[PDB]
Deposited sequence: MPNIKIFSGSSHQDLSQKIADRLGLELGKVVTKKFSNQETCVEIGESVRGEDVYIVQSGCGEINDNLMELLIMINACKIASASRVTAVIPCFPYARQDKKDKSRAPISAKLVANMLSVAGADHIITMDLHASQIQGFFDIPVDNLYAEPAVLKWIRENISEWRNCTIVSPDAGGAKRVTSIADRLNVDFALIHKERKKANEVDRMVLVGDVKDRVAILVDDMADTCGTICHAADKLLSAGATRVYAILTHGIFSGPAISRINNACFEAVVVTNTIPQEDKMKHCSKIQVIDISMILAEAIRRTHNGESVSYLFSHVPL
């Protein structure tokens, strides 16, 4: 059983980078739309008794990409692939992980069920919005962390990183920032809204680094950055693993005080970089490639939680 890497249409550059790091050519697949907008998928090579990895992120036209992924999984499964793994760098509907006093769907659970029923045997993803989403599956889920790469970026790009403060934009992400604050041996601050925001932790004359899983409309991080500049911070950075940047995010970032907005490339960023000078990208394709290769060879994946490969 050999590795076969197939790309969905969502993020072809990432799939190519992963394929090069694996020393493979991207599997031959045709993924387009019929005239009536139904997703047309044709696997261009035999996947029999192979270990198939399908790379597709929850970005762009999310429902189209999700249906493409499900259809590709189904095609590979009924084509007698030995094992089918969904490599989903940004998990779609991850923020709909609970109901919370609303007659709402748990869309993340629905997506997990659909992936399972399509025939996925394994999920590889990066920085799930809530790690409880792992429990939405009955198949194994490897939730990788961009932190090795975020810490690397911070050390090699922020000269004052030893005196910086890692800041959570909200009470929800505090855990994450504390983890980072522990690995850098720096202070960590929290910010919560009461339209006013309250900040705990000295940030005067120090570089502040907001950290988060995802920036969609960037209202949260822009408000946090305004508050950080109010409290005497020298420069404010924002580091996010998922740069969705939908709606007015680009205009708000352009009007914000960020020195840089660093995001990983779980979502393609070339178009946003054109219209926003201060967006920067941290490659995490090495982490994804190493996770694929370790799942294939039966080596430890959790080794990657703390080690940059």
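Missing from the model, by position in the deposited sequence, are residues 1, 196-202, 318.
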